[PDB]
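Structure data follow from upload-v1.cif (mmCIF, C-alpha atoms (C1' of nucleotides)):
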data_final
#
loop_
_atom_site.group_PDB
_atom_site.id
_atom_site.type_symbol
_atom_site.label_atom_id
_atom_site.label_comp_id
_atom_site.auth_asym_id
_atom_site.auth_seq_id
_atom_site.Cartn_x
_atom_site.Cartn_y
_atom_site.Cartn_z
ATOM 1 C CA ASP Q 342 -13.002 14.964 -25.308
ATOM 2 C CA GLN Q 343 -11.315 18.189 -24.163
ATOM 3 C CA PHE Q 344 -8.335 16.080 -23.187
ATOM 4 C CA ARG Q 345 -8.281 14.716 -26.751
ATOM 5 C CA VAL Q 346 -8.214 18.092 -28.511
ATOM 6 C CA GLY Q 347 -6.074 19.836 -25.879
ATOM 7 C CA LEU Q 348 -3.526 17.027 -26.034
ATOM 8 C CA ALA Q 349 -3.629 17.532 -29.804
ATOM 9 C CA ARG Q 350 -2.497 21.107 -29.131
ATOM 10 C CA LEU Q 351 0.254 19.498 -27.059
ATOM 11 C CA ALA Q 352 0.927 17.258 -30.067
ATOM 12 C CA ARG Q 353 1.699 20.468 -31.926
ATOM 13 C CA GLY Q 354 3.910 21.188 -28.936
ATOM 14 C CA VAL Q 355 5.720 17.927 -29.736
ATOM 15 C CA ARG Q 356 6.067 17.445 -33.507
ATOM 16 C CA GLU Q 357 7.145 21.055 -34.060
ATOM 17 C CA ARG Q 358 9.699 21.344 -31.235
ATOM 18 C CA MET Q 359 11.530 18.121 -32.056
ATOM 19 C CA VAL Q 360 12.565 19.529 -35.354
ATOM 20 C CA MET Q 361 14.205 22.824 -34.813
ATOM 21 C CA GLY Q 362 17.030 21.055 -33.116
ATOM 22 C CA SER Q 363 19.721 18.460 -32.549
ATOM 23 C CA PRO Q 364 18.566 14.818 -32.197
ATOM 24 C CA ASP Q 365 21.705 14.356 -30.038
ATOM 25 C CA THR Q 366 20.207 15.625 -26.769
ATOM 26 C CA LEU Q 367 16.625 14.486 -27.052
ATOM 27 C CA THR Q 368 14.026 12.971 -24.741
ATOM 28 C CA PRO Q 369 10.388 13.750 -23.974
ATOM 29 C CA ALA Q 370 11.775 15.409 -20.822
ATOM 30 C CA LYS Q 371 12.619 18.457 -22.952
ATOM 31 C CA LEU Q 372 10.056 17.701 -25.710
ATOM 32 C CA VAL Q 373 6.907 17.611 -23.558
ATOM 33 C CA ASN Q 374 4.915 20.729 -22.702
ATOM 34 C CA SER Q 375 2.211 21.553 -20.137
ATOM 35 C CA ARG Q 376 0.297 24.781 -20.788
ATOM 36 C CA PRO Q 377 -1.409 23.675 -23.972
ATOM 37 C CA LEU Q 378 -2.874 20.644 -22.182
ATOM 38 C CA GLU Q 379 -3.105 21.885 -18.588
ATOM 39 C CA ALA Q 380 -4.647 25.199 -19.708
ATOM 40 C CA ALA Q 381 -6.997 23.522 -22.198
ATOM 41 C CA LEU Q 382 -8.423 21.379 -19.436
ATOM 42 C CA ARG Q 383 -8.236 24.402 -17.088
ATOM 43 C CA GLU Q 384 -10.377 26.178 -19.688
ATOM 44 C CA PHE Q 385 -13.015 23.423 -19.887
ATOM 45 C CA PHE Q 386 -13.797 23.530 -16.159
ATOM 46 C CA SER Q 387 -14.476 27.292 -15.949
ATOM 47 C CA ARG Q 388 -15.152 29.398 -19.056
ATOM 48 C CA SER Q 389 -17.273 26.702 -20.689
ATOM 49 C CA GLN Q 390 -21.067 26.917 -20.628
ATOM 50 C CA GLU C 3 30.694 -5.610 -24.361
ATOM 51 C CA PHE C 4 28.267 -4.252 -21.751
ATOM 52 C CA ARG C 5 27.668 -6.671 -18.875
ATOM 53 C CA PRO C 6 24.712 -6.694 -16.350
ATOM 54 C CA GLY C 7 25.850 -4.151 -13.768
ATOM 55 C CA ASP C 8 28.538 -2.450 -15.788
ATOM 56 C CA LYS C 9 28.544 1.095 -14.418
ATOM 57 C CA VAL C 10 28.706 3.381 -17.484
ATOM 58 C CA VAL C 11 27.385 6.768 -18.601
ATOM 59 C CA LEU C 12 24.751 7.192 -21.367
ATOM 60 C CA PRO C 13 25.149 10.793 -22.626
ATOM 61 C CA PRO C 14 23.805 13.501 -22.919
ATOM 62 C CA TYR C 15 21.322 12.900 -20.077
ATOM 63 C CA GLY C 16 24.000 12.099 -17.503
ATOM 64 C CA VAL C 17 25.568 9.371 -15.383
ATOM 65 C CA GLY C 18 23.707 6.260 -14.321
ATOM 66 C CA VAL C 19 23.962 2.501 -14.138
ATOM 67 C CA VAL C 20 22.658 0.263 -16.975
ATOM 68 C CA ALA C 21 20.586 -2.803 -16.367
ATOM 69 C CA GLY C 22 21.048 -5.904 -18.478
ATOM 70 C CA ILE C 23 19.765 -7.363 -21.753
ATOM 71 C CA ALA C 24 16.107 -7.344 -22.910
ATOM 72 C CA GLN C 25 14.035 -8.070 -26.022
ATOM 73 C CA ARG C 26 11.913 -5.009 -26.787
ATOM 74 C CA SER C 27 9.518 -5.233 -29.719
ATOM 75 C CA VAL C 28 10.795 -2.916 -32.452
ATOM 76 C CA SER C 29 10.054 -3.262 -36.181
ATOM 77 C CA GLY C 30 10.477 -6.969 -36.976
ATOM 78 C CA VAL C 31 11.981 -9.763 -34.833
ATOM 79 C CA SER C 32 12.936 -8.448 -31.369
ATOM 80 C CA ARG C 33 16.561 -7.314 -31.158
ATOM 81 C CA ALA C 34 18.551 -7.488 -27.925
ATOM 82 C CA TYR C 35 18.831 -4.244 -25.978
ATOM 83 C CA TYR C 36 20.676 -3.016 -22.964
ATOM 84 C CA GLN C 37 18.157 -1.844 -20.428
ATOM 85 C CA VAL C 38 20.261 0.936 -18.967
ATOM 86 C CA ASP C 39 19.241 2.718 -15.765
ATOM 87 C CA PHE C 40 19.985 6.226 -14.398
ATOM 88 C CA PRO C 41 20.294 7.396 -10.756
ATOM 89 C CA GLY C 42 17.877 10.280 -10.014
ATOM 90 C CA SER C 43 15.400 10.534 -12.840
ATOM 91 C CA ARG C 44 13.092 7.578 -13.032
ATOM 92 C CA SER C 45 12.988 6.442 -16.614
ATOM 93 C CA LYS C 46 14.312 3.313 -18.303
ATOM 94 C CA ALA C 47 16.417 3.182 -21.461
ATOM 95 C CA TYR C 48 17.051 0.597 -24.191
ATOM 96 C CA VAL C 49 20.359 0.723 -26.109
ATOM 97 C CA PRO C 50 20.798 -1.434 -29.256
ATOM 98 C CA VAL C 51 23.349 -4.209 -28.737
ATOM 99 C CA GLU C 52 24.182 -3.850 -32.439
ATOM 100 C CA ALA C 53 26.726 -1.055 -32.068
ATOM 101 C CA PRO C 54 26.390 0.359 -28.523
ATOM 102 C CA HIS C 55 29.963 1.708 -28.515
ATOM 103 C CA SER C 56 29.421 3.854 -31.642
ATOM 104 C CA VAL C 57 25.895 4.990 -30.709
ATOM 105 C CA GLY C 58 27.080 7.184 -27.861
ATOM 106 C CA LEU C 59 26.784 4.633 -25.067
ATOM 107 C CA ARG C 60 30.262 4.673 -23.618
ATOM 108 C CA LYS C 61 32.144 3.635 -20.520
ATOM 109 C CA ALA C 62 32.916 5.649 -17.410
ATOM 110 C CA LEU C 63 36.334 7.119 -16.650
ATOM 111 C CA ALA C 64 38.388 4.928 -14.319
ATOM 112 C CA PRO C 65 39.267 6.327 -10.852
ATOM 113 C CA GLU C 66 42.786 6.896 -12.247
ATOM 114 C CA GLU C 67 41.674 9.124 -15.179
ATOM 115 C CA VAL C 68 40.449 11.927 -12.864
ATOM 116 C CA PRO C 69 43.684 14.008 -12.664
ATOM 117 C CA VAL C 70 43.933 14.405 -16.429
ATOM 118 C CA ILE C 71 40.406 15.935 -16.398
ATOM 119 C CA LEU C 72 41.011 18.154 -13.346
ATOM 120 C CA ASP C 73 44.121 19.353 -15.183
ATOM 121 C CA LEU C 74 41.998 19.889 -18.300
ATOM 122 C CA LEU C 75 40.000 22.178 -15.994
ATOM 123 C CA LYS C 76 42.586 24.172 -14.007
ATOM 124 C CA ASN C 77 44.966 24.954 -16.891
ATOM 125 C CA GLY C 78 42.860 23.554 -19.751
ATOM 126 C CA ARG C 79 41.800 25.617 -22.780
ATOM 127 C CA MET C 80 40.527 25.438 -26.395
ATOM 128 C CA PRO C 81 39.710 27.678 -29.406
ATOM 129 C CA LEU C 82 36.184 29.129 -29.618
ATOM 130 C CA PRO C 83 34.287 30.888 -32.472
ATOM 131 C CA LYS C 84 34.173 34.697 -32.727
ATOM 132 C CA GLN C 85 30.477 35.232 -33.552
ATOM 133 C CA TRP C 86 28.311 34.430 -30.525
ATOM 134 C CA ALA C 87 26.080 32.153 -32.631
ATOM 135 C CA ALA C 88 28.760 29.649 -33.673
ATOM 136 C CA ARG C 89 30.264 29.778 -30.167
ATOM 137 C CA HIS C 90 26.947 28.744 -28.612
ATOM 138 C CA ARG C 91 26.660 26.086 -31.344
ATOM 139 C CA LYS C 92 30.004 24.479 -30.485
ATOM 140 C CA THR C 93 29.302 24.666 -26.757
ATOM 141 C CA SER C 94 26.032 22.803 -27.353
ATOM 142 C CA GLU C 95 27.879 20.257 -29.579
ATOM 143 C CA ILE C 96 30.511 19.363 -26.999
ATOM 144 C CA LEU C 97 27.675 19.263 -24.442
ATOM 145 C CA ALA C 98 26.081 16.701 -26.781
ATOM 146 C CA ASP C 99 28.903 14.265 -27.654
ATOM 147 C CA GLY C 100 29.583 13.275 -24.036
ATOM 148 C CA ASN C 101 33.340 13.076 -24.488
ATOM 149 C CA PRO C 102 34.651 13.797 -20.958
ATOM 150 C CA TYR C 103 38.059 15.122 -22.038
ATOM 151 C CA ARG C 104 36.472 17.434 -24.615
ATOM 152 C CA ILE C 105 33.833 18.757 -22.192
ATOM 153 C CA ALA C 106 36.457 19.320 -19.473
ATOM 154 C CA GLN C 107 38.616 21.236 -21.982
ATOM 155 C CA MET C 108 35.721 23.436 -23.177
ATOM 156 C CA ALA C 109 34.789 24.159 -19.559
ATOM 157 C CA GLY C 110 38.456 25.036 -19.124
ATOM 158 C CA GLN C 111 38.718 27.854 -21.667
ATOM 159 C CA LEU C 112 35.156 29.012 -20.899
ATOM 160 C CA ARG C 113 35.833 29.182 -17.147
ATOM 161 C CA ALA C 114 39.135 30.885 -17.968
ATOM 162 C CA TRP C 115 37.036 33.537 -19.713
ATOM 163 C CA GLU C 116 34.470 33.934 -16.903
ATOM 164 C CA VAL C 117 37.168 34.938 -14.404
ATOM 165 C CA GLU C 118 39.025 37.291 -16.781
ATOM 166 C CA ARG C 119 37.117 39.314 -19.410
ATOM 167 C CA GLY C 120 33.591 38.201 -18.495
ATOM 168 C CA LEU C 121 30.931 35.736 -19.628
ATOM 169 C CA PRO C 122 27.530 36.187 -21.334
ATOM 170 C CA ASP C 123 24.251 34.787 -19.950
ATOM 171 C CA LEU C 124 24.489 32.019 -22.581
ATOM 172 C CA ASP C 125 28.087 30.738 -22.577
ATOM 173 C CA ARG C 126 27.922 30.666 -18.763
ATOM 174 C CA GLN C 127 24.770 28.514 -18.728
ATOM 175 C CA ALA C 128 26.516 25.971 -20.965
ATOM 176 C CA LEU C 129 29.636 26.315 -18.804
ATOM 177 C CA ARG C 130 27.677 25.361 -15.678
ATOM 178 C CA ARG C 131 26.130 22.512 -17.669
ATOM 179 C CA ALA C 132 29.658 21.241 -18.329
ATOM 180 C CA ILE C 133 30.800 21.640 -14.703
ATOM 181 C CA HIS C 134 27.675 19.754 -13.526
ATOM 182 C CA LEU C 135 28.106 16.826 -15.936
ATOM 183 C CA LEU C 136 31.758 16.711 -14.888
ATOM 184 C CA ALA C 137 30.544 16.590 -11.259
ATOM 185 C CA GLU C 138 28.299 13.666 -12.196
ATOM 186 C CA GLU C 139 30.926 11.358 -13.731
ATOM 187 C CA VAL C 140 33.671 12.382 -11.269
ATOM 188 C CA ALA C 141 31.148 11.450 -8.581
ATOM 189 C CA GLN C 142 30.436 8.115 -10.318
ATOM 190 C CA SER C 143 34.061 7.053 -10.877
ATOM 191 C CA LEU C 144 35.482 8.077 -7.507
ATOM 192 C CA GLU C 145 32.465 6.686 -5.614
ATOM 193 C CA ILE C 146 31.775 10.011 -3.872
ATOM 194 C CA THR C 147 28.712 12.271 -3.515
ATOM 195 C CA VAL C 148 28.442 15.294 -5.844
ATOM 196 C CA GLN C 149 29.744 17.542 -3.032
ATOM 197 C CA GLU C 150 33.244 16.042 -3.004
ATOM 198 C CA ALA C 151 33.442 15.992 -6.813
ATOM 199 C CA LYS C 152 32.418 19.651 -7.146
ATOM 200 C CA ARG C 153 34.946 20.224 -4.363
ATOM 201 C CA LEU C 154 37.612 18.575 -6.514
ATOM 202 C CA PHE C 155 36.653 21.045 -9.242
ATOM 203 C CA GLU C 156 36.784 23.899 -6.689
ATOM 204 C CA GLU C 157 40.190 22.505 -5.677
ATOM 205 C CA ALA C 158 41.425 23.032 -9.245
ATOM 206 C CA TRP C 159 40.697 26.763 -8.874
ATOM 207 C CA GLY C 160 39.592 27.899 -5.402
ATOM 208 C CA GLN Z 99 9.274 6.304 -25.093
ATOM 209 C CA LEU Z 100 11.347 8.331 -27.538
ATOM 210 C CA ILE Z 101 12.657 6.085 -30.292
ATOM 211 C CA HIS Z 102 15.062 7.284 -32.984
ATOM 212 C CA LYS Z 103 14.123 6.112 -36.484
ATOM 213 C CA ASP Z 104 17.758 5.740 -37.458
ATOM 214 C CA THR Z 105 19.841 4.343 -34.581
ATOM 215 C CA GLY Z 106 16.876 2.324 -33.336
ATOM 216 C CA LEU Z 107 17.905 3.409 -29.836
ATOM 217 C CA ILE Z 108 14.930 3.458 -27.486
ATOM 218 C CA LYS Z 109 15.176 6.275 -24.951
ATOM 219 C CA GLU Z 110 12.313 5.985 -22.453
ATOM 220 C CA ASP Z 111 11.274 8.943 -20.280
ATOM 221 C CA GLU Z 112 8.383 9.571 -17.894
ATOM 222 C CA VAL Z 113 7.099 13.123 -17.720
ATOM 223 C CA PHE Z 114 4.737 15.332 -15.786
ATOM 224 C CA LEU Z 115 1.760 16.673 -17.714
ATOM 225 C CA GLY Z 116 0.372 19.077 -15.131
ATOM 226 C CA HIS Z 117 -2.433 19.392 -12.601
ATOM 227 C CA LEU Z 118 -5.829 18.109 -13.731
ATOM 228 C CA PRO Z 119 -8.861 18.724 -11.466
ATOM 229 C CA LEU Z 120 -10.250 15.544 -9.895
ATOM 230 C CA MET Z 121 -13.828 14.844 -8.834
ATOM 231 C CA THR Z 122 -14.872 15.225 -5.200
ATOM 232 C CA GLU Z 123 -17.228 12.989 -3.256
ATOM 233 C CA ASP Z 124 -20.726 14.254 -4.126
ATOM 234 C CA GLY Z 125 -19.645 14.746 -7.744
ATOM 235 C CA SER Z 126 -18.865 18.464 -7.670
ATOM 236 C CA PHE Z 127 -15.352 19.643 -8.602
ATOM 237 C CA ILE Z 128 -13.544 22.447 -6.784
ATOM 238 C CA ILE Z 129 -12.154 25.079 -9.164
ATOM 239 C CA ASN Z 130 -10.448 28.253 -7.919
ATOM 240 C CA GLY Z 131 -11.411 27.277 -4.339
ATOM 241 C CA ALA Z 132 -15.092 27.468 -5.236
ATOM 242 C CA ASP Z 133 -17.379 24.447 -5.463
ATOM 243 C CA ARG Z 134 -18.577 24.189 -9.047
ATOM 244 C CA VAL Z 135 -20.346 21.583 -11.150
ATOM 245 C CA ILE Z 136 -20.446 20.288 -14.709
ATOM 246 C CA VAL Z 137 -24.021 20.066 -15.910
ATOM 247 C CA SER Z 138 -24.704 17.310 -18.398
ATOM 248 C CA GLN Z 139 -25.013 18.238 -22.058
ATOM 249 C CA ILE Z 140 -27.261 16.698 -24.695
ATOM 250 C CA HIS Z 141 -27.128 16.378 -28.460
ATOM 251 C CA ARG Z 142 -28.442 14.183 -31.257
ATOM 252 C CA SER Z 143 -26.365 10.996 -31.203
ATOM 253 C CA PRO Z 144 -23.745 10.650 -33.959
ATOM 254 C CA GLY Z 145 -24.653 8.531 -36.977
ATOM 255 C CA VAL Z 146 -26.785 8.437 -40.104
ATOM 256 C "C1'" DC J 1 6.501 93.786 15.908
ATOM 257 C "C1'" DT J 2 12.417 93.342 15.322
ATOM 258 C "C1'" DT J 3 17.726 91.692 14.946
ATOM 259 C "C1'" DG J 4 20.880 88.155 14.866
ATOM 260 C "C1'" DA J 5 21.699 83.026 15.064
ATOM 261 C "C1'" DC J 6 20.898 78.691 13.427
ATOM 262 C "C1'" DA J 7 18.336 74.074 12.419
ATOM 263 C "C1'" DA J 8 16.110 72.242 8.873
ATOM 264 C "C1'" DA J 9 13.771 72.487 4.631
ATOM 265 C "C1'" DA J 10 14.902 73.275 0.252
ATOM 266 C "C1'" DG J 11 17.686 74.548 -4.127
ATOM 267 C "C1'" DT J 12 21.212 73.438 -7.340
ATOM 268 C "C1'" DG J 13 25.368 71.424 -9.433
ATOM 269 C "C1'" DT J 14 27.814 67.310 -10.794
ATOM 270 C "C1'" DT J 15 28.233 62.018 -11.098
ATOM 271 C "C1'" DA J 16 27.606 57.199 -10.540
ATOM 272 C "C1'" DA J 17 24.615 53.711 -11.432
ATOM 273 C "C1'" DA J 18 20.408 52.050 -14.375
ATOM 274 C "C1'" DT J 19 17.553 51.943 -17.886
ATOM 275 C "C1'" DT J 20 16.836 51.724 -22.600
ATOM 276 C "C1'" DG J 21 17.604 51.784 -27.607
ATOM 277 C "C1'" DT J 22 20.372 49.663 -31.735
ATOM 278 C "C1'" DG J 23 22.774 46.548 -34.804
ATOM 279 C "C1'" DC J 24 23.784 42.042 -36.022
ATOM 280 C "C1'" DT J 25 24.385 36.769 -36.101
ATOM 281 C "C1'" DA J 26 26.694 33.669 -42.733
ATOM 282 C "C1'" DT J 27 25.178 25.853 -44.051
ATOM 283 C "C1'" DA J 28 20.881 26.114 -45.323
ATOM 284 C "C1'" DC J 29 16.404 27.126 -44.394
ATOM 285 C "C1'" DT J 30 12.072 30.133 -50.396
ATOM 286 C "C1'" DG J 31 2.968 29.563 -51.871
ATOM 287 C "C1'" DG J 32 -0.723 29.808 -44.784
ATOM 288 C "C1'" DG J 33 -4.102 27.190 -42.094
ATOM 289 C "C1'" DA J 34 -8.169 25.884 -39.471
ATOM 290 C "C1'" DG J 35 -11.906 23.773 -39.461
ATOM 291 C "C1'" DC J 36 -18.559 23.771 -38.362
ATOM 292 C "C1'" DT J 37 -22.993 22.916 -38.305
ATOM 293 C "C1'" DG J 38 -30.547 21.918 -35.243
ATOM 294 C "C1'" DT J 39 -33.777 28.985 -37.385
ATOM 295 C "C1'" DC J 40 -36.449 32.831 -39.294
ATOM 296 C "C1'" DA J 41 -38.472 36.879 -41.765
ATOM 297 C "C1'" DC J 42 -37.769 40.408 -45.196
ATOM 298 C "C1'" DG J 43 -35.164 43.749 -48.239
ATOM 299 C "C1'" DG J 44 -31.709 44.322 -51.935
ATOM 300 C "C1'" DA J 45 -28.324 43.153 -55.201
ATOM 301 C "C1'" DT J 46 -27.323 39.773 -58.332
ATOM 302 C "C1'" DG J 47 -27.038 35.868 -61.321
ATOM 303 C "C1'" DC J 48 -30.603 33.372 -64.615
#
Re-express the file's structure as structure tokens.
Amino acid sequence: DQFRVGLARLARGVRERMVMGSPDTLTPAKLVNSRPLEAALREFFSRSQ
Amino acid sequence: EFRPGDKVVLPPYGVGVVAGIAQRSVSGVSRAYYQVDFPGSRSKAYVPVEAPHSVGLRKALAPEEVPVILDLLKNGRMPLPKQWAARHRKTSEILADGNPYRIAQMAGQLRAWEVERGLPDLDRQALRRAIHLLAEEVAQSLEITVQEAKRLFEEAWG
Amino acid sequence: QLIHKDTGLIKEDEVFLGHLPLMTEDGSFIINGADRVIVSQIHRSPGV
DNA sequence: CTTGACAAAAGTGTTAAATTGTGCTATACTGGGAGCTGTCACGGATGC
């Protein structure tokens, strides 16, 4: 579940980043993020009740 | 046009070697693609066989076209915008197109600036991008490791 | 896979998401070097 | 407890090197954004 919503935060990290730019140099290599997802799931395993 | 084992570059990402024709399901009836591979990064690529030459999938410089590029480095130059914004823009653009002559030229005037007046922390990043891509295709054409290519570029200057 | 809507050029790339904690043997994860555990939760099942 | 000599601790003057504060970039960008639940009792203002 936390993966679902966290990866949705990452989805924000995708759809928003891919239009500020130039479609010329483009690939999920530069379009994919970590911290939204990795830190969401990092958050579930500790601060949660 | 592109045969199975044609060694060609697929910009901007960098050099690599293609592999072959495939049918990948896209939209309606499957259209032929060039599976194209790359050396270091492990990811595949599919380039439309429709117009691969106009889509930015191009050939690789022959082993004989190296000296024109090295010369476009040592003495090579080109006009650049005044405002730092537009300058960065154009640098990014030439770093997009993949045109080897163009990129070599840009790297030429930029490098010419780094050794004379100075270079910002932006224009220099793009400059190194150019030198690296150059190292890639000069390594691919001349069948040498990146060391000897970058050493050809260091031969241009010192 | 990153596919352009216009050129129809498929550019496929594999990426690295991050480091996700994996379960140990007895069923207790190790977070920050300390053995911890996820206690089950309970709620009224979704529906009408 | 005293005088001169002298090493170091300390004072001060002037600069080089760093740190920090400011202004501006011209194609065109022109009304957000995220959701949450399974009380309960009474007192007061407020809408019937």
### Message
Report as an MDAnalysis selection string all protein, DNA and RNA residues lying within 9 Å of segment 359-376 of chain Q, evaluated on all atoms listed in the file, omitting residues in the same chain fewer than 5 positions from it.
### Response
(chainID Q and resid 351:352 354 381) or (chainID C and resid 13:15 95 97:99) or (chainID Z and resid 99:102 109:116)
Residues of chain J within 12 Å of chain C, counting only C-alpha atoms (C1' of nucleotides) - could you list those as a short mmCIF file (atom, residue, chain, number, x, y, z; two decimals) with C-alpha atoms (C1' of nucleotides), in the frame of the given file?
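Final output, saved to selection_29.cif:
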data_model
loop_
_atom_site.label_atom_id
_atom_site.label_comp_id
_atom_site.auth_asym_id
_atom_site.auth_seq_id
_atom_site.Cartn_x
_atom_site.Cartn_y
_atom_site.Cartn_z
"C1'" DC J 24 23.78 42.04 -36.02
"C1'" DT J 25 24.38 36.77 -36.10
"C1'" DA J 26 26.69 33.67 -42.73
"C1'" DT J 27 25.18 25.85 -44.05
#
### Point (-12.2, 26.3, -16.8) neighbourhood (12 Å, all atoms listed in the file) written as a VMD selection string
(chain Q and resid 343 379 to 390) or (chain Z and resid 118 to 119 127 to 130 132 134 to 136)
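Atom pair atom CA of residue 143 of chain C / atom CA of residue 108 of chain C: separated by 20.6 Å.
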### Query
When the PyMOL selection byres ((chain C and resi 142) around 9) is applied to the file above, which residues end up in the set, as a ChimeraX atom specification?
/C:9-11,17-18,62-63,137-141,143-148
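The space between atom CA of residue 120 of chain Z and atom CA of residue 342 of chain Q spans 15.7 Å.
Picked out by the PyMOL selection byres ((chain C and resi 153) around 12) when it runs on this file: residues 72, 133, 134, 136, 137, 140, 141, 146, 147, 148, 149, 150, 151, 152, 154, 155, 156, 157, 158, 159 and 160 of chain C.
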Using the file's own x, y and z axes, what box holds all listed atoms of segment 105-114 of chain Z with 6 Å on each side, keeping edges along x, y and z, and what are its centre and edge lengths in Å to one decimal, as lines of an AutoDock Vina configuration file?
center_x = 12.3
center_y = 8.8
center_z = -25.2
size_x = 27.1
size_y = 25.0
size_z = 30.8
### Query
Any chance you could work out the residue set of the PyMOL selection byres ((chain J and resi 34-43) around 9) here, as JSON, numbers by chain?
{"Z": [142], "J": [33, 44]}
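Distance-wise, atom CA of residue 21 of chain C and atom CA of residue 34 of chain C end up 12.6 Å apart.
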### Message
Give me, as a ChimeraX atom specification, all polymer residues having an atom no more than 12 Å from residue 105 of chain Z, counting all atoms listed in the file and skipping those fewer than 4 positions away in the same chain.
### Response
/Q:364-365 /C:28,48-54,56-59 /Z:100-101,109
Please complete segment 125-139 of chain C so it has N, CA, C and O atoms, and hand it over as a CSV table (one decimal), in the coordinates of the input.
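Saved result, part-v8.csv, follows:
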chain,number,residue,atom,x,y,z
C,125,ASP,N,26.9,31.5,-22.7
C,125,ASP,CA,28.1,30.7,-22.6
C,125,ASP,C,28.3,30.2,-21.1
C,125,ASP,O,28.8,29.2,-20.9
C,126,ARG,N,27.8,31.0,-20.2
C,126,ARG,CA,27.9,30.7,-18.8
C,126,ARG,C,27.0,29.6,-18.4
C,126,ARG,O,27.3,28.7,-17.5
C,127,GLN,N,25.8,29.6,-19.0
C,127,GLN,CA,24.8,28.5,-18.7
C,127,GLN,C,25.3,27.2,-19.2
C,127,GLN,O,25.3,26.2,-18.4
C,128,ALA,N,25.8,27.1,-20.4
C,128,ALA,CA,26.5,26.0,-21.0
C,128,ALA,C,27.7,25.6,-20.1
C,128,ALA,O,28.0,24.4,-19.9
C,129,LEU,N,28.5,26.6,-19.6
C,129,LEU,CA,29.6,26.3,-18.8
C,129,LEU,C,29.3,25.5,-17.5
C,129,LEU,O,29.9,24.6,-17.2
C,130,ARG,N,28.2,26.0,-16.9
C,130,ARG,CA,27.7,25.4,-15.7
C,130,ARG,C,27.1,24.0,-16.0
C,130,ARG,O,27.2,23.1,-15.2
C,131,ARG,N,26.6,23.8,-17.2
C,131,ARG,CA,26.1,22.5,-17.7
C,131,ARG,C,27.3,21.6,-17.7
C,131,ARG,O,27.3,20.5,-17.1
C,132,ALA,N,28.4,22.0,-18.3
C,132,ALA,CA,29.7,21.2,-18.3
C,132,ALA,C,30.2,20.9,-16.9
C,132,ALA,O,30.5,19.7,-16.7
C,133,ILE,N,30.3,21.9,-16.1
C,133,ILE,CA,30.8,21.6,-14.7
C,133,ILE,C,29.9,20.6,-14.0
C,133,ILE,O,30.4,19.8,-13.2
C,134,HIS,N,28.6,20.7,-14.2
C,134,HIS,CA,27.7,19.8,-13.5
C,134,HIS,C,27.9,18.3,-14.0
C,134,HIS,O,27.9,17.4,-13.2
C,135,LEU,N,27.9,18.2,-15.4
C,135,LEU,CA,28.1,16.8,-15.9
C,135,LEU,C,29.4,16.2,-15.5
C,135,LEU,O,29.5,15.0,-15.1
C,136,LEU,N,30.5,17.1,-15.5
C,136,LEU,CA,31.8,16.7,-14.9
C,136,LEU,C,31.6,16.2,-13.4
C,136,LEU,O,32.1,15.2,-13.1
C,137,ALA,N,30.8,17.0,-12.7
C,137,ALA,CA,30.5,16.6,-11.3
C,137,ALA,C,29.9,15.2,-11.2
C,137,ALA,O,30.2,14.4,-10.3
C,138,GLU,N,29.0,15.0,-12.1
C,138,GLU,CA,28.3,13.7,-12.2
C,138,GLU,C,29.3,12.5,-12.4
C,138,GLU,O,29.3,11.6,-11.6
C,139,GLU,N,30.1,12.5,-13.5
C,139,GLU,CA,30.9,11.4,-13.7
C,139,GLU,C,32.1,11.3,-12.8
C,139,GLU,O,32.6,10.2,-12.5
